[PDB]
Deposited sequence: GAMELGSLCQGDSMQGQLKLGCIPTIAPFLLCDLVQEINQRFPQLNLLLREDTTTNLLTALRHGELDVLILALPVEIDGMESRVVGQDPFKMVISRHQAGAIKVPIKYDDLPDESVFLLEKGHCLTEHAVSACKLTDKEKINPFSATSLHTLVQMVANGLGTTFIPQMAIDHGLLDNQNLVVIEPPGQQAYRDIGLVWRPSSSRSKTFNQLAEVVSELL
């Protein structure tokens, strides 16, 4: 017979669509090795829906792009994800580098529809202020946005973690620096102040920081 005898157990983690396909692959491989008893149940949803789930205790922690509206939550920025622009190789000549927005054709910049935070982050970080350059047809996923660019229709902003995870492979695209600073978005973990699992979230924040 036999005697009866923070990074263990189950965690419910939410993440936005322009982060989840990319960073979470790396996170799972790391925690498999470093925290083998941590089971990560995963939710992908919009920033607004993730925040509602977090408030309602349906998720333990979020990985978000910041800044977004998170009043009352606790957050920790863990790294920076640069922005690039992309154009098709076949349109590379019709668009001059360095990019100057005023020299682009009207309606040549495609963007995700409002409610994708990639759009608010990229437009502000990359200082696109001339709305006449934005195509009126809004994209509804990062993959189909990039495919329209690959079809030669214009240009857009993409996060570095997508490039590093092969999103552009076999689509004959060229990667270009956007105007302004070296522009980027913050990545952060977000959780409830009343949670009893802050020790877990801070350990997870350290792991995520090393992936950026």
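Residues of the deposited sequence that lack C-alpha coordinates fall in a single stretch, 6-12.
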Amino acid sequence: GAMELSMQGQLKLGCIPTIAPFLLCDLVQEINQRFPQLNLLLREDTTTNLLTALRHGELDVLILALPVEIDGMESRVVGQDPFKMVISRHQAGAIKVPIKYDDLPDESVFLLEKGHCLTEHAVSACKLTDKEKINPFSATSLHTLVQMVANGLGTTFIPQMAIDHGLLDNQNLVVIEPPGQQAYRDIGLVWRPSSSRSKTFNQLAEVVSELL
From here on, numbers count along this sequence of modelled residues.
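In this crystal structure, the stretch out of 169-177 and 29-37 whose C-alpha atoms carry the higher mean B factor is 29-37.
If you average the C-alpha B-factors over 178-186 and over 48-56, the higher value belongs to 178-186.
Taking only the listed residues 77, 73, 118, 95, the entry reports the highest CA temperature factor at 95.
The entry assigns its greatest Cα B factor, within the set 86, 139, 104, 122, to 104.
Sort the chain's modelled residues by C-alpha temperature factor and residue 112 lands in the lowest third, per the entry. Residue 19: CA B factor lies in the lowest third for its chain, per the PDB record.
Remark: residue 13 belongs to the lowest third of its chain, ranked by C-alpha B-factor as recorded.
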